[PDB]
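These notes are about the structure you will find just below.
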Amino acid sequence: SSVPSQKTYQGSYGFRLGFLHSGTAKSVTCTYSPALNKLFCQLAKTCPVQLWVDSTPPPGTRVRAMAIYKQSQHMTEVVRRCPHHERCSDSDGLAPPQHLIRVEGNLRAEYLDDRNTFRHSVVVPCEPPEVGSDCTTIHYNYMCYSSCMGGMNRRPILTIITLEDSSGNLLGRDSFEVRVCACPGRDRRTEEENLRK
Ligand SMILES: COc1cc(S(C)(=O)=O)ccc1NCC#Cc1cc2c(NC3CCN(C)CC3)cccc2n1CC(F)(F)F
Ligand SMILES: [Zn+2]
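Mapped onto PDB author numbering, the consecutive letters of the sequence shown carry residue numbers 95 to 291.
Below, the structure is given as structure tokens:
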């Protein structure tokens, strides 16, 4: 399949992502490593992702998420849920059972099967921050473990976040690596310790 770009692009509105500072306690359900540009999360749990701009884009702007394999030899393969999880009948009514990334808590979420590339994505409208807030937040859920055999199969993925106009034209792009695992805090600590060597 075709290769979606992963190149960081702030664009005219100064678009970029932000993450909470959740620490690495054993109980943490989602945690982000700036040093690794890597989000560690548990299966089907809330992953807050912040959206930052220097200036407000137009009404009708949307934000899309898509997963791609990070390694060169796998990037052309569609990232999808594994044979077990795509058959477990756990759709919320919007997400197709094959889709790895869901949006939590937004009834306006839309799911795309690309007719040409067969890649999956989920897109929502974006709005300015609530009163007293400086950014907006999307809550994502990842619906397979990184280790799921016949799906990601222990291969690392990136999530590409794109800011789009109402026609789908590119306004901005950012990305981060993702590991979906049972203990994100320990795994982040381990991978950051490995980095220190
Ligand atoms: C129904 O939706 C809309 C309605 C209107 S409106 C009521 O004027 O009719 C206008 C726009 C939209 N929607 C598109 C959007 C947006 C947006 C603005 C934004 C943001 N603003 C600050 C504002 C202050 N200055 C100094 C820095 C920038 C800070 C952080 C995130 C922000 N976002 C979301 C993002 F990042 F994804 F683009
Ligand atoms: Zn799975």
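C-beta atoms are modelled at their ideal positions from N, C-alpha and C, and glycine is treated no differently.
{"Check": "Return yes when at least one heavy atom of ligand 1 lies under 7 angstroms from the C-beta of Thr256, else no.", "Outcome": "no"}
{"Check": "Looking at ligand 1, does it come within less than 7 angstroms of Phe270, judged from the CB to the closest heavy atom?", "Outcome": "no"}
{"Check": "Return yes when at least one heavy atom of ligand 2 lies under 7 angstroms from the C-beta of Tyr239, else no.", "Outcome": "yes"}
{"Check": "Would a C-beta distance cut-off of 8 angstroms place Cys176 and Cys277 closer than the cut-off?", "Outcome": "no"}
{"Check": "Less than 8 angstroms between C-beta atoms, sequence neighbours within five positions excluded: which residues of the same chain meet that for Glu198?", "Outcome": "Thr140, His233, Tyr234 and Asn235"}
{"Check": "What separation, rounded to the nearest whole angstrom, lies between the Cα atoms of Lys101 and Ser121?", "Outcome": "33 angstroms"}
{"Check": "Can you determine whether any heavy atom of ligand 1 sits closer than 7 angstroms to the C-beta of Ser127, and answer yes or no?", "Outcome": "no"}
{"Check": "Could I get the ranges of all uninterrupted beta strand (DSSP E) runs contained in the stretch 172-197, with 3 residues as the minimum, in chain order?", "Outcome": "195-197"}
{"Check": "Spatial neighbours of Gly244 within its chain, please: CB distance less than 6 angstroms, with the 5 preceding and 5 following residues excluded, ordered by chain position.", "Outcome": "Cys176 and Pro177"}
{"Check": "When you compare the CB positions of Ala161 and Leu194, do they come within less than 8 angstroms of one another, or not?", "Outcome": "yes"}
{"Check": "Starting from residue 69 and walking both ways along the beta strand (DSSP E), at which residues does that stretch end?", "Outcome": "The displayed coordinates of the chain run from 95 to 291. Any statement about residue 69 would go beyond what the structure contains."}
{"Check": "Could you tell me the alpha carbon to alpha carbon distance between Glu287 and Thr231, rounded to whole angstroms?", "Outcome": "29 angstroms"}
{"Check": "With DSSP as the reference, label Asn288 as helix, strand or coil.", "Outcome": "helix"}
{"Check": "Please name the residue or residues paired with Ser127 in a DSSP beta bridge.", "Outcome": "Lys132"}
{"Check": "Got a sec: does ligand 1 put a non-hydrogen atom nearer than 7 angstroms to the Cβ of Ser106?", "Outcome": "no"}
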